[PDB]
Amino acid sequence: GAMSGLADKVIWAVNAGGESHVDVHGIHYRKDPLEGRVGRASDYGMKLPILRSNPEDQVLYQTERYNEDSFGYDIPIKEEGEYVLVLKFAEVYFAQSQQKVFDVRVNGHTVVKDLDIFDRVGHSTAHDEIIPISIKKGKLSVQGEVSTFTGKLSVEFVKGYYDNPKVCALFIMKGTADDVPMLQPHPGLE
Ligand SMILES: OC[C@H]1O[C@H](O[C@H]2[C@H](O)[C@@H](O)[C@H](O)O[C@@H]2CO)[C@H](O)[C@@H](O)[C@@H]1O
């Protein structure tokens, strides 16, 4: 009973910062599909790397473009099973705990409404949010709230004080939460 295949189950993945990235397992981001729709890469603070990732996956877990007020993405689906939405949140020059609090939603539903990246991980590094979804017979299930699925899924984040998401590493893959592997490079395995 062996199951290995991350690149064969991905349906939609986006990193808000640079432009198009393929990570070590085979996960690919598009190119600026939320603010402006068609443009280029913007990096205002590129000499501050992430400590819990790789060099290649550091670019997909560190690069940020720009912010405004109340915004998000659209994911179109037509199949049922276990869909997992894992997104990496990161910061640059903001030191505060329990003052810079944000809101995060999936398909209109509220899940993490008090998101502070400095109080959760500490100073800099990589922050991770794991939210498993179950759609069966044409309806959606988010933890302890049941509703119906109609065409697309939405990721809508609301403002805290000055900024909204800051650094975002969106990754939605399909079939189950026991198939998502994440490790660092090591020479000895025992
Ligand atoms: O100009 C690029 C960055 O602009 C803003 O960052 C501000 C920040 O909001 C403010 O508190 C501080 O005093 O100044 C920095 C820039 O000098 C945006 O928030 C960033 O997304 C931009 O990268």
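If you go along the chain as it appears here, the first residue is 1 and each next one adds 1.
Backbone N, Cα and C atoms are what each Cβ position is placed from, and that goes for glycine too.
Pulled from Swiss-Prot, these are the features on record:
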BINDING   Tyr44, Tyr66, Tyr93, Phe94, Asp163  carbohydrate binding site
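Record features (the PDB entry):
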SEQADV    1-3  expression tag
Contacting positions for the expression tag (1-3) when only residues 6+ beyond its ends and CB under 8 Å are counted: 178-179
Residue among the binding-site residues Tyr93, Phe94 whose Cβ has the most other Cβ atoms within 10 Å: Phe94
DSSP state at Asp163 (carbohydrate binding site), helix/strand/coil: coil
DSSP residue counts for the expression tag (1-3), split into helix, strand and coil: 0 helix, 0 strand, 3 coil
All-chain count of other Cβ atoms within 10 Å of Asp163 (carbohydrate binding site): 17
Binding-site residues whose CB lies under 6 angstroms from ligand 1, from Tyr44, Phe94, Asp163: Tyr44, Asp163
Spatial neighbours, same chain, of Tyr66 (carbohydrate binding site) - Cβ under 8 Å, 6+ residues apart: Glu35, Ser42
Diameter of the carbohydrate binding set by C-alpha atoms, the set being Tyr44, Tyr66, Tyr93, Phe94, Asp163, in angstrom: 15
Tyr44 (carbohydrate binding site), number of other Cβ atoms within 10 Å: 10
For the carbohydrate site built from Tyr44, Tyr66, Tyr93, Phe94, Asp163, further residues of that chain with CB within 8 A of the site's CB center: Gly45, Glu64, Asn67, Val92, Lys166
